[PDB]
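Trainee: File run.cif follows (mmCIF, C-alpha atoms and all ligand atoms):
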```cif
data_input
loop_
_atom_site.label_atom_id
_atom_site.label_comp_id
_atom_site.auth_asym_id
_atom_site.auth_seq_id
_atom_site.Cartn_x
_atom_site.Cartn_y
_atom_site.Cartn_z
CA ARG T 1 -10.44 -16.62 12.29
CA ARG T 2 -7.97 -13.75 11.98
CA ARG T 3 -9.94 -10.50 12.11
CA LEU T 4 -8.68 -7.17 10.65
CA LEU T 5 -8.29 -4.58 13.45
CA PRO T 6 -8.97 -0.81 13.25
CA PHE T 7 -5.97 1.40 13.98
CA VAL T 8 -5.78 3.50 17.17
CA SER T 9 -5.17 7.15 16.20
CA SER T 10 -2.75 9.30 18.36
CA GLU T 11 -4.72 10.78 21.25
CA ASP T 12 -3.14 14.25 21.13
CA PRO T 13 -4.79 16.26 18.22
CA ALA T 14 -1.42 18.08 17.82
CA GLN T 15 0.29 14.69 17.21
CA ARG T 16 -2.32 13.87 14.49
CA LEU T 17 -1.80 17.32 12.83
CA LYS T 18 2.03 16.81 12.89
CA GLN T 19 1.63 13.25 11.39
CA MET T 20 -0.66 14.60 8.60
CA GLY T 21 1.85 17.44 8.01
CA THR T 22 4.75 14.98 7.34
CA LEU T 23 2.58 13.24 4.73
CA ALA T 24 1.56 16.59 3.12
CA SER T 25 5.30 17.61 3.14
CA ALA T 26 6.34 14.37 1.30
CA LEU T 27 3.45 14.69 -1.24
CA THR T 28 4.52 18.31 -1.97
CA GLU T 29 8.18 17.10 -2.40
CA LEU T 30 6.96 14.64 -5.12
CA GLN T 31 4.51 17.31 -6.52
CA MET T 32 1.59 14.96 -5.73
CA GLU T 33 -2.02 15.50 -4.70
CA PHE T 34 -3.35 13.56 -1.67
CA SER T 35 -5.82 10.79 -2.68
CA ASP T 36 -7.25 8.18 -0.25
CA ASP T 37 -9.03 6.31 -3.05
CA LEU T 38 -8.32 4.49 -6.33
CA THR T 39 -8.70 7.05 -9.20
CA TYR T 40 -9.70 6.29 -12.82
CA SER T 41 -8.30 9.00 -15.13
CA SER T 42 -8.54 9.66 -18.92
CA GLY T 43 -6.21 7.73 -21.20
CA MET T 44 -5.81 5.14 -18.37
CA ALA T 45 -8.01 2.24 -17.09
CA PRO T 46 -11.79 2.81 -16.65
CA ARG T 47 -13.45 1.70 -13.35
CA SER T 48 -15.19 -1.06 -15.43
CA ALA T 49 -11.76 -2.74 -16.06
CA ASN T 50 -11.39 -3.19 -12.25
CA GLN T 51 -13.25 -6.50 -11.70
CA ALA T 52 -11.81 -9.12 -9.31
CA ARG T 53 -13.40 -11.99 -11.38
CA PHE T 54 -10.67 -11.24 -14.02
CA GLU T 55 -7.90 -12.30 -11.49
CA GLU T 56 -6.20 -15.48 -12.78
CA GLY T 57 -6.94 -18.16 -10.16
CA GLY T 58 -9.47 -15.88 -8.43
CA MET T 59 -9.20 -13.39 -5.58
CA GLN T 60 -10.08 -13.81 -1.88
CA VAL T 61 -13.21 -11.83 -0.87
CA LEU T 62 -13.23 -9.30 1.99
CA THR T 63 -15.79 -10.48 4.60
CA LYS T 64 -18.69 -8.24 5.78
CA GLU T 65 -16.93 -8.05 9.22
CA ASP T 66 -13.64 -6.86 7.59
CA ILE T 67 -15.46 -4.46 5.16
CA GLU T 68 -17.04 -2.83 8.30
CA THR T 69 -13.52 -2.38 9.82
CA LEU T 70 -12.26 -0.99 6.46
CA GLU T 71 -15.29 1.48 6.35
CA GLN T 72 -14.58 2.49 10.02
CA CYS T 73 -10.85 3.26 9.17
CA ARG T 74 -11.89 5.21 5.98
CA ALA T 75 -14.44 7.23 8.05
CA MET T 76 -11.78 7.81 10.76
CA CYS T 77 -9.34 9.25 8.11
CA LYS T 78 -12.12 11.55 6.79
CA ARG T 79 -12.55 13.32 10.21
CA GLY T 80 -8.78 13.68 10.84
CA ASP T 81 -8.17 10.39 12.73
CA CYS T 82 -5.27 9.13 10.56
CA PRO T 83 -3.29 5.93 11.54
CA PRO T 84 -0.30 6.84 13.88
CA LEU T 85 2.29 7.16 11.10
CA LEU T 86 5.12 9.53 10.30
CA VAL T 87 6.67 10.06 6.85
CA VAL T 88 10.42 10.54 7.57
CA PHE T 89 13.26 11.20 5.11
CA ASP T 90 16.20 8.75 5.48
CA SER T 91 19.43 9.28 3.47
CA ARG T 92 19.74 5.58 2.53
CA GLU T 93 16.05 4.83 1.83
CA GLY T 94 14.54 8.22 0.83
CA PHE T 95 11.04 8.79 2.31
CA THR T 96 10.06 6.06 4.83
CA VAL T 97 7.09 5.46 7.12
CA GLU T 98 7.44 4.84 10.84
CA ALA T 99 4.95 4.09 13.56
CA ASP T 100 4.29 7.23 15.69
CA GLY T 101 2.32 5.07 18.18
CA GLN T 102 1.68 1.35 18.82
CA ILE T 103 0.15 -0.69 15.93
CA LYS T 104 -1.07 -4.16 17.06
CA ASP T 105 -0.71 -7.32 14.97
CA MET T 106 -3.60 -7.58 12.35
CA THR T 107 -4.14 -3.81 12.32
CA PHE T 108 -5.27 -2.13 9.08
CA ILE T 109 -2.57 0.42 8.07
CA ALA T 110 -3.71 1.78 4.66
CA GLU T 111 -5.07 1.09 1.22
CA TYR T 112 -2.56 1.43 -1.63
CA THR T 113 -4.05 4.28 -3.70
CA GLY T 114 -3.17 6.14 -6.90
CA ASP T 115 -4.26 6.10 -10.53
CA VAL T 116 -5.34 2.76 -11.95
CA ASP T 117 -3.85 1.98 -15.34
CA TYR T 118 -3.34 -0.98 -17.65
CA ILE T 119 0.06 -2.77 -17.15
CA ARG T 120 0.35 -2.57 -21.02
CA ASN T 121 0.41 1.31 -20.68
CA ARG T 122 3.23 1.37 -18.12
CA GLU T 123 5.83 -1.12 -19.54
CA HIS T 124 8.26 1.85 -20.08
CA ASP T 125 7.24 3.72 -16.84
CA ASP T 126 10.05 4.92 -14.52
CA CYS T 127 7.69 5.35 -11.43
CA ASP T 128 9.39 3.65 -8.44
CA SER T 129 5.98 3.07 -6.71
CA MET T 130 3.79 0.98 -9.09
CA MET T 131 1.69 -1.72 -7.34
CA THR T 132 -0.09 -4.65 -9.07
CA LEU T 133 -3.89 -4.33 -8.83
CA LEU T 134 -5.21 -7.10 -11.15
CA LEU T 135 -3.32 -9.98 -12.88
CA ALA T 136 -5.54 -11.33 -15.65
CA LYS T 137 -5.04 -14.31 -18.01
CA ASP T 138 -5.00 -11.82 -20.94
CA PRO T 139 -2.08 -9.40 -20.05
CA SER T 140 -3.83 -6.47 -21.84
CA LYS T 141 -6.52 -6.64 -19.03
CA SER T 142 -3.97 -6.51 -16.10
CA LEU T 143 -3.96 -3.35 -13.96
CA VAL T 144 -1.42 -1.44 -11.93
CA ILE T 145 -1.88 1.35 -9.32
CA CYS T 146 0.28 4.36 -10.24
CA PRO T 147 0.73 6.88 -7.35
CA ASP T 148 2.88 9.30 -9.46
CA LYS T 149 0.38 12.20 -9.58
CA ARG T 150 -2.14 11.15 -6.84
CA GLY T 151 -1.71 8.92 -3.79
CA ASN T 152 -1.50 8.38 -0.05
CA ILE T 153 0.94 7.20 2.70
CA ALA T 154 1.14 3.61 1.26
CA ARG T 155 3.47 4.69 -1.61
CA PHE T 156 6.09 5.77 0.96
CA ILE T 157 6.33 2.44 2.88
CA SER T 158 9.74 0.63 2.48
CA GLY T 159 10.37 -2.89 1.24
CA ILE T 160 12.63 -5.64 2.46
CA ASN T 161 15.81 -6.71 0.69
CA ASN T 162 14.75 -10.16 -0.74
CA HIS T 163 18.41 -11.25 -1.28
CA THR T 164 20.03 -11.10 2.15
CA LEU T 165 20.13 -13.90 4.76
CA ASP T 166 18.68 -11.59 7.50
CA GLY T 167 16.55 -9.13 5.42
CA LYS T 168 13.25 -11.02 5.91
CA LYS T 169 13.62 -10.16 9.70
CA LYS T 170 12.67 -6.49 8.98
CA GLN T 171 9.15 -7.40 7.73
CA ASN T 172 6.46 -6.19 10.18
CA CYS T 173 3.57 -5.73 7.69
CA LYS T 174 2.03 -7.31 4.59
CA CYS T 175 0.38 -6.16 1.43
CA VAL T 176 -2.74 -8.13 0.34
CA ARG T 177 -5.30 -7.97 -2.47
CA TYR T 178 -9.02 -8.51 -1.70
CA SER T 179 -12.23 -8.34 -3.67
CA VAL T 180 -14.56 -5.60 -2.26
CA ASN T 181 -17.91 -5.28 -4.12
CA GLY T 182 -16.43 -7.34 -6.98
CA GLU T 183 -13.45 -4.95 -7.44
CA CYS T 184 -9.70 -5.48 -6.71
CA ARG T 185 -8.36 -3.54 -3.70
CA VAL T 186 -4.85 -3.41 -2.22
CA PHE T 187 -4.34 -3.14 1.56
CA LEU T 188 -1.53 -3.02 4.13
CA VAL T 189 -1.90 -4.90 7.39
CA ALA T 190 0.46 -5.25 10.43
CA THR T 191 1.88 -8.81 10.77
CA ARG T 192 3.18 -8.32 14.33
CA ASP T 193 2.99 -5.69 17.12
CA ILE T 194 4.85 -2.55 15.97
CA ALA T 195 6.36 -0.15 18.58
CA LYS T 196 6.46 3.70 18.25
CA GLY T 197 9.50 4.72 16.16
CA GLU T 198 9.66 1.38 14.33
CA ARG T 199 10.01 1.74 10.54
CA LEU T 200 7.40 -0.13 8.44
CA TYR T 201 8.62 -2.78 5.91
CA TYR T 202 6.69 -5.25 3.76
CA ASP T 203 7.68 -7.64 0.94
CA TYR T 204 7.50 -5.69 -2.40
CA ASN T 205 7.70 -9.11 -4.18
CA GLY T 206 4.74 -10.75 -2.49
CA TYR T 207 3.43 -12.51 -5.65
CA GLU T 208 5.48 -11.61 -8.75
CA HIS T 209 9.21 -10.78 -8.57
CA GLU T 210 9.06 -7.53 -10.55
CA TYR T 211 10.76 -5.28 -7.98
CA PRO T 212 14.66 -5.15 -7.83
CA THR T 213 15.68 -5.19 -4.11
CA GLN T 214 19.38 -6.33 -4.04
CA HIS T 215 20.64 -2.87 -3.05
CA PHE T 216 17.98 -2.33 -0.29
CA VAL T 217 19.11 -1.48 3.29
CA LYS Q 1 12.03 -1.38 -17.73
CA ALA Q 2 9.19 -1.12 -15.18
CA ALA Q 3 9.51 -2.10 -11.52
CA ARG Q 4 6.33 -3.24 -9.91
CA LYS Q 5 5.40 -4.09 -6.32
CA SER Q 6 3.06 -7.15 -6.05
CA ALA Q 7 0.86 -8.82 -3.45
CA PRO Q 8 -0.94 -12.20 -3.29
CA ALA Q 9 -4.70 -12.47 -4.08
CA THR Q 10 -5.11 -15.63 -1.85
CA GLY Q 11 -3.82 -16.94 1.52
CA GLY Q 12 -5.13 -14.10 3.71
CA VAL Q 13 -2.90 -12.07 6.08
CA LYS Q 14 -1.66 -14.69 8.68
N1 LIG E 301 14.88 -1.23 2.31
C1 LIG E 301 15.14 -0.24 1.44
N2 LIG E 301 16.41 0.19 1.32
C2 LIG E 301 16.69 1.16 0.44
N3 LIG E 301 15.85 1.83 -0.35
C3 LIG E 301 14.58 1.39 -0.19
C4 LIG E 301 14.15 0.38 0.64
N4 LIG E 301 12.78 0.22 0.56
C5 LIG E 301 12.41 1.14 -0.30
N5 LIG E 301 13.45 1.89 -0.80
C6 LIG E 301 13.39 2.95 -1.80
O1 LIG E 301 12.05 3.31 -2.02
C7 LIG E 301 11.65 3.03 -3.38
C8 LIG E 301 10.24 2.47 -3.38
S1 LIG E 301 8.87 3.65 -3.13
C9 LIG E 301 8.98 4.03 -1.36
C10 LIG E 301 9.09 5.54 -1.18
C11 LIG E 301 10.49 6.14 -1.52
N6 LIG E 301 11.59 5.74 -0.65
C12 LIG E 301 10.37 7.67 -1.73
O2 LIG E 301 11.38 8.38 -1.30
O3 LIG E 301 9.37 8.15 -2.30
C13 LIG E 301 12.72 2.07 -3.90
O4 LIG E 301 12.89 2.07 -5.31
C14 LIG E 301 13.97 2.55 -3.16
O5 LIG E 301 14.62 3.67 -3.77
#
```
Could you show the structure in this file as structure tokens?
Ligand SMILES: Nc1ncnc2c1ncn2[C@@H]1O[C@H](CSCC[C@H](N)C(=O)O)[C@@H](O)[C@H]1O

Mentor:
Amino acid sequence: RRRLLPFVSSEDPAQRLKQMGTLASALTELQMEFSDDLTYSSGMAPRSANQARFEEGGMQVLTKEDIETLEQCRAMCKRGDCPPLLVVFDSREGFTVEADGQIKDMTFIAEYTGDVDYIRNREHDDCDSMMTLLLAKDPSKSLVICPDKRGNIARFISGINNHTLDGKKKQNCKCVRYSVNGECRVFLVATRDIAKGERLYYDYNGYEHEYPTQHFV
Amino acid sequence: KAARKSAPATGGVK
């Protein structure tokens, strides 16, 4: 029974302040507001549209044990105990996220946050950071998280190149969708032990193949 | 043309 693990925040308060500063710097660069939750804005999807029972083929449910861990991590972030992560600009990838301390295998990294909208409303959208929330049998019910105006660290995490022979080797975390109180939720979890300085990478095409990755480093 | 990241809804983490 693989249990979700809470992250271990950097012990030095100055290291936590510096980490939080790199995220605030990147958000400011994209003219974004920090948001550690899913937001339901006007002219977009209402909170009522976000029901995991609409997921074609159903959605796995987050256990009480794993919800407790998720609540612990959320409460930790509220008081200033962020996961040990640094947002770093790279000339070949743009903004990237690296571990600024050890992250054990099965450790909760972050929830993918931003504005929830209908997929039907974003067919023409240029946002490079859209993440599937709900895939329904009727496509006009499907939802996407849009961190263009509001979001957190998750929108800055890099993806693997799905076309190269060795590109899968870079993956050290995974994005998963779970039902929490009957709603869809998107989370990032470590898939192996990650060392300080190690850049985070997950598979952007973990279910659909809607993200072009051929040119990825 | 819309690029979208996607994650599975089954199979757990590991
Ligand atoms: N492995 C990789 N190599 C190159 N670019 C990558 C990459 N993984 C992610 N990216 C870049 O990141 C985008 C996804 S959103 C991730 C945050 C982004 N780099 C930013 O500066 O805000 C992609 O469209 C691509 O431009």

Trainee: Record the distance separating atom CA of residue 93 of chain T and atom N2 of ligand LIG 301 (chain E), expressed in Å with one decimal.

Mentor: 4.7 Å

Trainee: For ligand LIG 301 (chain E), which of T:217, T:153, T:189, T:145 is the closest residue, counting all atoms listed in the file?

Mentor: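 Among T:217, T:153, T:189, T:145, it is T:217 that comes nearest to ligand LIG 301 (chain E).
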
Trainee: Which residues, protein or nucleic acid, reach to within 12 Å of (20.1, -13.1, -2.1) in the file's coordinates when using only C-alpha atoms, and can you give that as number ranges by chain?

Mentor: T: 160-168, 212-216

Trainee: Can you pull out the residues contacting segment 3-10 of chain Q? Cut-off 6 Å, using all atoms listed in the file, and skip same-chain residues under 4 positions away; I want them as a VMD selection string.

Mentor: chain T and resid 59 to 60 130 to 132 175 to 177 204 to 208 210 to 211

Trainee: Write out as a PDB file with C-alpha atoms, in the frame of the given file each polymer residue whose atoms come within 9 Å of residue 109 of chain T, counting all atoms listed in the file; drop sequence neighbours fewer than 6 positions from it.

Mentor:
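Output file selection-v5.pdb is given in full below:
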```
ATOM      1  CA  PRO T   6      -8.970  -0.810  13.250  1.00  0.00           C
ATOM      2  CA  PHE T   7      -5.970   1.400  13.980  1.00  0.00           C
ATOM      3  CA  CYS T  73     -10.850   3.260   9.170  1.00  0.00           C
ATOM      4  CA  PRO T  83      -3.290   5.930  11.540  1.00  0.00           C
ATOM      5  CA  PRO T  84      -0.300   6.840  13.880  1.00  0.00           C
ATOM      6  CA  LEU T  85       2.290   7.160  11.100  1.00  0.00           C
ATOM      7  CA  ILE T 103       0.150  -0.690  15.930  1.00  0.00           C
ATOM      8  CA  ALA T 154       1.140   3.610   1.260  1.00  0.00           C
ATOM      9  CA  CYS T 173       3.570  -5.730   7.690  1.00  0.00           C
ATOM     10  CA  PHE T 187      -4.340  -3.140   1.560  1.00  0.00           C
ATOM     11  CA  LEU T 188      -1.530  -3.020   4.130  1.00  0.00           C
ATOM     12  CA  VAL T 189      -1.900  -4.900   7.390  1.00  0.00           C
ATOM     13  CA  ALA T 190       0.460  -5.250  10.430  1.00  0.00           C
TER      14      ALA T 190
END
```

Trainee: What's the separation between atom CA of residue 42 of chain T and atom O2 of ligand LIG 301 (chain E), in Å to one decimal place?

Mentor: 26.6 Å

Trainee: Which residue gives the smallest distance to ligand LIG 301 (chain E) among T:151, T:43, T:159, T:21, with all atoms listed in the file counted?

Mentor: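 Counting all atoms listed in the file, the residue closest to ligand LIG 301 (chain E) is T:159.
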
Trainee: Anything within 9 Å of (2.5, 2.7, -16.9): list those residues as a PyMOL selection string, counting all atoms listed in the file and sticking to the file's coordinates.

Mentor: (chain T and resi 44+117-127+130+144-146) or (chain Q and resi 2)

Trainee: Go ahead and write the residues just picked, C-alpha atoms, as a PDB file, in the frame of the given file.

Mentor:
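Done, and the output landed in out-v5.pdb:
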```pdb
ATOM      1  CA  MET T  44      -5.810   5.140 -18.370  1.00  0.00           C
ATOM      2  CA  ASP T 117      -3.850   1.980 -15.340  1.00  0.00           C
ATOM      3  CA  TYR T 118      -3.340  -0.980 -17.650  1.00  0.00           C
ATOM      4  CA  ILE T 119       0.060  -2.770 -17.150  1.00  0.00           C
ATOM      5  CA  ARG T 120       0.350  -2.570 -21.020  1.00  0.00           C
ATOM      6  CA  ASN T 121       0.410   1.310 -20.680  1.00  0.00           C
ATOM      7  CA  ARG T 122       3.230   1.370 -18.120  1.00  0.00           C
ATOM      8  CA  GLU T 123       5.830  -1.120 -19.540  1.00  0.00           C
ATOM      9  CA  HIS T 124       8.260   1.850 -20.080  1.00  0.00           C
ATOM     10  CA  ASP T 125       7.240   3.720 -16.840  1.00  0.00           C
ATOM     11  CA  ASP T 126      10.050   4.920 -14.520  1.00  0.00           C
ATOM     12  CA  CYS T 127       7.690   5.350 -11.430  1.00  0.00           C
ATOM     13  CA  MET T 130       3.790   0.980  -9.090  1.00  0.00           C
ATOM     14  CA  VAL T 144      -1.420  -1.440 -11.930  1.00  0.00           C
ATOM     15  CA  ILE T 145      -1.880   1.350  -9.320  1.00  0.00           C
ATOM     16  CA  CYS T 146       0.280   4.360 -10.240  1.00  0.00           C
TER      17      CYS T 146
ATOM     18  CA  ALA Q   2       9.190  -1.120 -15.180  1.00  0.00           C
TER      19      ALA Q   2
END
```

Trainee: Build an axis-aligned box that encloses every atom of segment 4-10 of chain Q listed in the file, pad it by 5 Å on each side, and report its centre and edge lengths in Å to one decimal, as AutoDock Vina command-line options.

Mentor:
```
--center_x 0.6 --center_y -9.4 --center_z -5.9 --size_x 21.4 --size_y 22.4 --size_z 18.1
```

Trainee: Which residue gives the smallest distance to chain Q among T:142, T:28, T:129, T:72, with only C-alpha atoms counted?

Mentor: T:129

Trainee: Expressed in Å to a single decimal, how great is the separation between atom CA of residue 106 of chain T and atom CA of residue 180 of chain T?

Mentor: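 These two atoms are separated by 18.4 Å.
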
Trainee: What's around residue 9 of chain T at 12 Å? Count all atoms listed in the file, leave out sequence neighbours fewer than 2 positions away in its own chain, and write the answer as JSON, numbers by chain.

Mentor: {"T": [6, 7, 11, 12, 13, 14, 15, 16, 17, 19, 20, 73, 76, 77, 79, 80, 81, 82, 83, 84, 85, 99, 100, 101, 102, 103, 107, 108, 109]}

Trainee: Can you take segment 93-151 of chain T from the block and write C-alpha atoms as a PDB file, in the first residue's frame?

Mentor:
```pdb
ATOM      1  CA  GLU T  93      13.654  25.490 -20.855  1.00  0.00           C
ATOM      2  CA  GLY T  94      12.515  28.897 -19.513  1.00  0.00           C
ATOM      3  CA  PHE T  95      11.373  28.749 -15.837  1.00  0.00           C
ATOM      4  CA  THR T  96      12.086  25.333 -14.238  1.00  0.00           C
ATOM      5  CA  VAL T  97      11.677  23.862 -10.756  1.00  0.00           C
ATOM      6  CA  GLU T  98      14.513  22.196  -8.872  1.00  0.00           C
ATOM      7  CA  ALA T  99      14.721  20.497  -5.523  1.00  0.00           C
ATOM      8  CA  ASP T 100      16.375  22.811  -2.930  1.00  0.00           C
ATOM      9  CA  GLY T 101      16.513  19.878  -0.463  1.00  0.00           C
ATOM     10  CA  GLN T 102      15.908  16.094  -0.512  1.00  0.00           C
ATOM     11  CA  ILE T 103      12.435  14.889  -1.676  1.00  0.00           C
ATOM     12  CA  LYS T 104      11.843  11.154  -0.932  1.00  0.00           C
ATOM     13  CA  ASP T 105      10.016   8.795  -3.281  1.00  0.00           C
ATOM     14  CA  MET T 106       6.144   9.102  -2.809  1.00  0.00           C
ATOM     15  CA  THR T 107       6.416  12.661  -1.482  1.00  0.00           C
ATOM     16  CA  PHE T 108       3.601  15.132  -2.228  1.00  0.00           C
ATOM     17  CA  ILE T 109       5.094  18.062  -4.225  1.00  0.00           C
ATOM     18  CA  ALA T 110       2.099  20.277  -5.145  1.00  0.00           C
ATOM     19  CA  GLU T 111      -1.432  20.538  -6.434  1.00  0.00           C
ATOM     20  CA  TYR T 112      -1.790  21.880  -9.977  1.00  0.00           C
ATOM     21  CA  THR T 113      -3.792  25.097  -9.436  1.00  0.00           C
ATOM     22  CA  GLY T 114      -5.216  27.876 -11.608  1.00  0.00           C
ATOM     23  CA  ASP T 115      -8.591  28.828 -13.044  1.00  0.00           C
ATOM     24  CA  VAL T 116     -10.913  25.988 -13.951  1.00  0.00           C
ATOM     25  CA  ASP T 117     -12.537  26.355 -17.358  1.00  0.00           C
ATOM     26  CA  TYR T 118     -14.393  24.250 -19.899  1.00  0.00           C
ATOM     27  CA  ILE T 119     -12.094  22.655 -22.572  1.00  0.00           C
ATOM     28  CA  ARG T 120     -14.687  24.008 -25.135  1.00  0.00           C
ATOM     29  CA  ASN T 121     -13.717  27.610 -23.995  1.00  0.00           C
ATOM     30  CA  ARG T 122      -9.980  27.122 -24.497  1.00  0.00           C
ATOM     31  CA  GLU T 123      -9.720  25.358 -27.943  1.00  0.00           C
ATOM     32  CA  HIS T 124      -7.995  28.531 -29.344  1.00  0.00           C
ATOM     33  CA  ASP T 125      -5.983  29.276 -26.111  1.00  0.00           C
ATOM     34  CA  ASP T 126      -2.218  29.951 -26.477  1.00  0.00           C
ATOM     35  CA  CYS T 127      -1.457  29.266 -22.698  1.00  0.00           C
ATOM     36  CA  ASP T 128       1.551  26.894 -22.536  1.00  0.00           C
ATOM     37  CA  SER T 129       0.454  25.578 -19.068  1.00  0.00           C
ATOM     38  CA  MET T 130      -3.096  24.124 -19.435  1.00  0.00           C
ATOM     39  CA  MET T 131      -3.685  20.880 -17.464  1.00  0.00           C
ATOM     40  CA  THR T 132      -6.624  18.470 -17.935  1.00  0.00           C
ATOM     41  CA  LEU T 133      -8.914  18.417 -14.875  1.00  0.00           C
ATOM     42  CA  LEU T 134     -11.965  16.366 -16.018  1.00  0.00           C
ATOM     43  CA  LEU T 135     -12.473  14.278 -19.211  1.00  0.00           C
ATOM     44  CA  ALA T 136     -16.196  13.643 -19.611  1.00  0.00           C
ATOM     45  CA  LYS T 137     -18.100  11.532 -22.188  1.00  0.00           C
ATOM     46  CA  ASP T 138     -19.780  14.775 -23.404  1.00  0.00           C
ATOM     47  CA  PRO T 139     -16.774  17.038 -24.430  1.00  0.00           C
ATOM     48  CA  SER T 140     -18.731  20.229 -23.497  1.00  0.00           C
ATOM     49  CA  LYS T 141     -18.491  19.033 -19.801  1.00  0.00           C
ATOM     50  CA  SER T 142     -14.639  18.481 -19.855  1.00  0.00           C
ATOM     51  CA  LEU T 143     -12.531  20.863 -17.752  1.00  0.00           C
ATOM     52  CA  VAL T 144      -9.037  22.270 -17.911  1.00  0.00           C
ATOM     53  CA  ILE T 145      -6.951  24.122 -15.259  1.00  0.00           C
ATOM     54  CA  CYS T 146      -5.666  27.420 -16.688  1.00  0.00           C
ATOM     55  CA  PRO T 147      -2.831  29.003 -14.605  1.00  0.00           C
ATOM     56  CA  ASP T 148      -2.527  32.094 -16.909  1.00  0.00           C
ATOM     57  CA  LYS T 149      -3.760  34.708 -14.398  1.00  0.00           C
ATOM     58  CA  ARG T 150      -3.616  32.712 -11.089  1.00  0.00           C
ATOM     59  CA  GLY T 151      -1.497  29.722 -10.080  1.00  0.00           C
TER      60      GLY T 151
END
```
